[PDB]
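To start, the structure under review is shown below, and the notes come after it.
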Amino acid sequence: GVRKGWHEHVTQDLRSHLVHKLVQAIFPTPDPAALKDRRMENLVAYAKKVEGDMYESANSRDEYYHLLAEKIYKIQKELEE
Amino acid sequence: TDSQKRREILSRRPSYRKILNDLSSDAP
């Protein structure tokens, strides 16, 4: 049921943190105020879309974790490096 | 399949594991 059952183990707090983690991994936020800049806001939006997409794909928190950390890896090791 | 590929290859590049660990340690 719901988002493949596992949903109950990932509350909005954890979601928000993970979004933050993605954002930070993409662009290391100097201070929360930075989030107010459209440049950053776009990254925040993208991070939310990614996080949501992963959530709505993964059949387990484990898989979700893999995909999120994998995403972080790719964005640095694949993309820029 | 793509899962397996990415995981299998990235498991050969432990910075991925460091990121996993960091994600676990950082995110509740």
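The chains in the structure tokens are called A, B, ... from first to last as shown; in each chain the residues are counted from 1, and the ligands are counted from 1 in the order shown.
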
### Task
Restrict the distance test to only C-alpha atoms, flag each residue of chain A within 9 Å of chain B, and return the flagged residues as a VMD selection string.
chain A and resid 13 to 15 17 to 18 21 65 to 70 72 to 73

Select from chain B everything DSSP, run on the backbone, classes as alpha helix (DSSP H), then give the selection as a PDB file with N, CA, C and O atoms, in the first residue's frame.
```pdb
ATOM      1  N   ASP B   2      20.369  -1.671 -14.721  1.00  0.00           N
ATOM      2  CA  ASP B   2      21.112  -0.416 -14.622  1.00  0.00           C
ATOM      3  C   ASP B   2      21.553  -0.216 -13.168  1.00  0.00           C
ATOM      4  O   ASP B   2      22.670   0.205 -12.889  1.00  0.00           O
ATOM      5  N   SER B   3      20.676  -0.606 -12.241  1.00  0.00           N
ATOM      6  CA  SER B   3      20.918  -0.650 -10.811  1.00  0.00           C
ATOM      7  C   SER B   3      22.202  -1.441 -10.557  1.00  0.00           C
ATOM      8  O   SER B   3      23.175  -0.914 -10.019  1.00  0.00           O
ATOM      9  N   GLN B   4      22.181  -2.713 -10.960  1.00  0.00           N
ATOM     10  CA  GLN B   4      23.289  -3.645 -10.842  1.00  0.00           C
ATOM     11  C   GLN B   4      24.557  -3.032 -11.431  1.00  0.00           C
ATOM     12  O   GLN B   4      25.580  -3.022 -10.759  1.00  0.00           O
ATOM     13  N   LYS B   5      24.506  -2.527 -12.668  1.00  0.00           N
ATOM     14  CA  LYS B   5      25.662  -1.928 -13.323  1.00  0.00           C
ATOM     15  C   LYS B   5      26.253  -0.797 -12.475  1.00  0.00           C
ATOM     16  O   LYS B   5      27.420  -0.851 -12.089  1.00  0.00           O
ATOM     17  N   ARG B   6      25.443   0.222 -12.179  1.00  0.00           N
ATOM     18  CA  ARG B   6      25.862   1.370 -11.386  1.00  0.00           C
ATOM     19  C   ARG B   6      26.445   0.909 -10.054  1.00  0.00           C
ATOM     20  O   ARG B   6      27.578   1.252  -9.734  1.00  0.00           O
ATOM     21  N   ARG B   7      25.700   0.114  -9.290  1.00  0.00           N
ATOM     22  CA  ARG B   7      26.166  -0.380  -8.006  1.00  0.00           C
ATOM     23  C   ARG B   7      27.491  -1.136  -8.154  1.00  0.00           C
ATOM     24  O   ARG B   7      28.460  -0.808  -7.476  1.00  0.00           O
ATOM     25  N   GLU B   8      27.548  -2.133  -9.035  1.00  0.00           N
ATOM     26  CA  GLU B   8      28.723  -2.960  -9.284  1.00  0.00           C
ATOM     27  C   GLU B   8      29.954  -2.119  -9.630  1.00  0.00           C
ATOM     28  O   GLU B   8      31.039  -2.356  -9.096  1.00  0.00           O
ATOM     29  N   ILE B   9      29.808  -1.157 -10.541  1.00  0.00           N
ATOM     30  CA  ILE B   9      30.922  -0.317 -10.961  1.00  0.00           C
ATOM     31  C   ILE B   9      31.311   0.625  -9.818  1.00  0.00           C
ATOM     32  O   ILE B   9      32.476   0.692  -9.432  1.00  0.00           O
ATOM     33  N   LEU B  10      30.350   1.362  -9.260  1.00  0.00           N
ATOM     34  CA  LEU B  10      30.621   2.327  -8.200  1.00  0.00           C
ATOM     35  C   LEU B  10      31.170   1.642  -6.944  1.00  0.00           C
ATOM     36  O   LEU B  10      31.993   2.222  -6.244  1.00  0.00           O
ATOM     37  N   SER B  15      34.647   5.977  -2.946  1.00  0.00           N
ATOM     38  CA  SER B  15      34.104   7.288  -2.609  1.00  0.00           C
ATOM     39  C   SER B  15      32.568   7.194  -2.560  1.00  0.00           C
ATOM     40  O   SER B  15      31.934   7.827  -1.717  1.00  0.00           O
ATOM     41  N   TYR B  16      31.974   6.334  -3.399  1.00  0.00           N
ATOM     42  CA  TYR B  16      30.547   6.029  -3.366  1.00  0.00           C
ATOM     43  C   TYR B  16      30.176   5.502  -1.973  1.00  0.00           C
ATOM     44  O   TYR B  16      29.236   6.000  -1.356  1.00  0.00           O
ATOM     45  N   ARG B  17      30.922   4.520  -1.452  1.00  0.00           N
ATOM     46  CA  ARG B  17      30.670   3.989  -0.116  1.00  0.00           C
ATOM     47  C   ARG B  17      30.802   5.094   0.930  1.00  0.00           C
ATOM     48  O   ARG B  17      29.978   5.179   1.836  1.00  0.00           O
ATOM     49  N   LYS B  18      31.826   5.945   0.811  1.00  0.00           N
ATOM     50  CA  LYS B  18      31.985   7.050   1.747  1.00  0.00           C
ATOM     51  C   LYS B  18      30.737   7.936   1.700  1.00  0.00           C
ATOM     52  O   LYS B  18      30.223   8.322   2.748  1.00  0.00           O
ATOM     53  N   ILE B  19      30.218   8.225   0.502  1.00  0.00           N
ATOM     54  CA  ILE B  19      28.988   8.996   0.362  1.00  0.00           C
ATOM     55  C   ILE B  19      27.830   8.244   1.026  1.00  0.00           C
ATOM     56  O   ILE B  19      27.083   8.865   1.776  1.00  0.00           O
ATOM     57  N   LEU B  20      27.669   6.933   0.793  1.00  0.00           N
ATOM     58  CA  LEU B  20      26.613   6.152   1.448  1.00  0.00           C
ATOM     59  C   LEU B  20      26.715   6.349   2.963  1.00  0.00           C
ATOM     60  O   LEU B  20      25.755   6.758   3.613  1.00  0.00           O
ATOM     61  N   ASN B  21      27.892   6.057   3.524  1.00  0.00           N
ATOM     62  CA  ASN B  21      28.136   6.181   4.953  1.00  0.00           C
ATOM     63  C   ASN B  21      27.779   7.586   5.420  1.00  0.00           C
ATOM     64  O   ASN B  21      27.071   7.729   6.413  1.00  0.00           O
ATOM     65  N   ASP B  22      28.266   8.614   4.726  1.00  0.00           N
ATOM     66  CA  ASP B  22      27.990   9.995   5.083  1.00  0.00           C
ATOM     67  C   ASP B  22      26.485  10.258   5.072  1.00  0.00           C
ATOM     68  O   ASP B  22      25.962  10.862   6.001  1.00  0.00           O
ATOM     69  N   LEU B  23      25.779   9.790   4.040  1.00  0.00           N
ATOM     70  CA  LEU B  23      24.338   9.953   3.920  1.00  0.00           C
ATOM     71  C   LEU B  23      23.641   9.306   5.120  1.00  0.00           C
ATOM     72  O   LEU B  23      22.712   9.882   5.687  1.00  0.00           O
ATOM     73  N   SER B  24      24.075   8.106   5.514  1.00  0.00           N
ATOM     74  CA  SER B  24      23.511   7.398   6.656  1.00  0.00           C
ATOM     75  C   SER B  24      23.796   8.150   7.959  1.00  0.00           C
ATOM     76  O   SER B  24      22.916   8.299   8.798  1.00  0.00           O
ATOM     77  N   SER B  25      25.036   8.603   8.142  1.00  0.00           N
ATOM     78  CA  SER B  25      25.443   9.313   9.341  1.00  0.00           C
ATOM     79  C   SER B  25      24.756  10.675   9.460  1.00  0.00           C
ATOM     80  O   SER B  25      24.433  11.110  10.562  1.00  0.00           O
ATOM     81  N   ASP B  26      24.594  11.369   8.333  1.00  0.00           N
ATOM     82  CA  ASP B  26      24.057  12.719   8.299  1.00  0.00           C
ATOM     83  C   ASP B  26      22.535  12.729   8.377  1.00  0.00           C
ATOM     84  O   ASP B  26      21.953  13.398   9.229  1.00  0.00           O
TER      85      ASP B  26
END
```

### Query
Just how far from CA of residue 44 in chain A is CA of residue 5 in chain A, in Å to one decimal?
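Answer for the CA of residue 5 in chain A to CA of residue 44 in chain A separation: 26.4 Å.
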
Near-residue 71 in chain A list (10 Å; only C-alpha atoms; drop same-chain fewer than 5 positions) as a JSON list (two decimals) with N, CA and C atoms, in the first residue's frame:
```
[["chain", "number", "residue", "atom", "x", "y", "z"],
["A", 22, "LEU", "N", 21.14, 16.59, -0.85],
["A", 22, "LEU", "CA", 21.31, 16.68, -2.30],
["A", 22, "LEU", "C", 21.78, 18.08, -2.66],
["A", 25, "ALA", "N", 25.30, 18.73, -1.61],
["A", 25, "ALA", "CA", 26.21, 17.95, -2.43],
["A", 25, "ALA", "C", 26.39, 18.58, -3.82],
["A", 26, "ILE", "N", 25.32, 19.14, -4.38],
["A", 26, "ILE", "CA", 25.34, 19.80, -5.68],
["A", 26, "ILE", "C", 26.07, 21.15, -5.55],
["A", 50, "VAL", "N", 14.08, 15.31, -7.88],
["A", 50, "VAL", "CA", 14.89, 14.10, -7.81],
["A", 50, "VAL", "C", 14.43, 13.25, -6.63],
["A", 51, "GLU", "N", 14.47, 13.81, -5.42],
["A", 51, "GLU", "CA", 14.11, 13.11, -4.20],
["A", 51, "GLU", "C", 12.74, 12.44, -4.35],
["A", 54, "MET", "N", 12.87, 9.55, -7.00],
["A", 54, "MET", "CA", 13.51, 8.39, -6.39],
["A", 54, "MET", "C", 12.53, 7.70, -5.46],
["A", 65, "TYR", "N", 18.00, 4.95, -0.74],
["A", 65, "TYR", "CA", 19.32, 5.37, -0.26],
["A", 65, "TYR", "C", 20.38, 5.17, -1.34],
["A", 66, "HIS", "N", 20.44, 3.97, -1.93],
["A", 66, "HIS", "CA", 21.40, 3.66, -2.99],
["A", 66, "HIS", "C", 21.30, 4.73, -4.07],
["A", 76, "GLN", "N", 29.06, 14.47, -9.08],
["A", 76, "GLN", "CA", 30.41, 14.94, -8.89],
["A", 76, "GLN", "C", 31.40, 14.14, -9.75],
["A", 77, "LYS", "N", 31.48, 12.84, -9.49],
["A", 77, "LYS", "CA", 32.41, 11.95, -10.16],
["A", 77, "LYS", "C", 32.12, 11.78, -11.66],
["A", 78, "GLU", "N", 30.85, 11.70, -12.07],
["A", 78, "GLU", "CA", 30.52, 11.51, -13.48],
["A", 78, "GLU", "C", 30.52, 12.85, -14.21],
["B", 16, "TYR", "N", 31.97, 6.33, -3.40],
["B", 16, "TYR", "CA", 30.55, 6.03, -3.37],
["B", 16, "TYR", "C", 30.18, 5.50, -1.97]]
```

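From CA of residue 42 in chain A back to CA of residue 9 in chain A, the distance works out to 27.8 Å.
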
### Task
Could you tell me how far CA of residue 19 in chain A lies from CA of residue 38 in chain A, in Å and to one decimal?
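Separation between CA of residue 19 in chain A and CA of residue 38 in chain A: 16.6 Å.
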
### Query
Counting only C-alpha atoms, what is within 8 Å of residue 4 in chain A, bar same-chain residues fewer than 2 positions away, as a ChimeraX atom specification?
/A:1-2,6-7,59-60
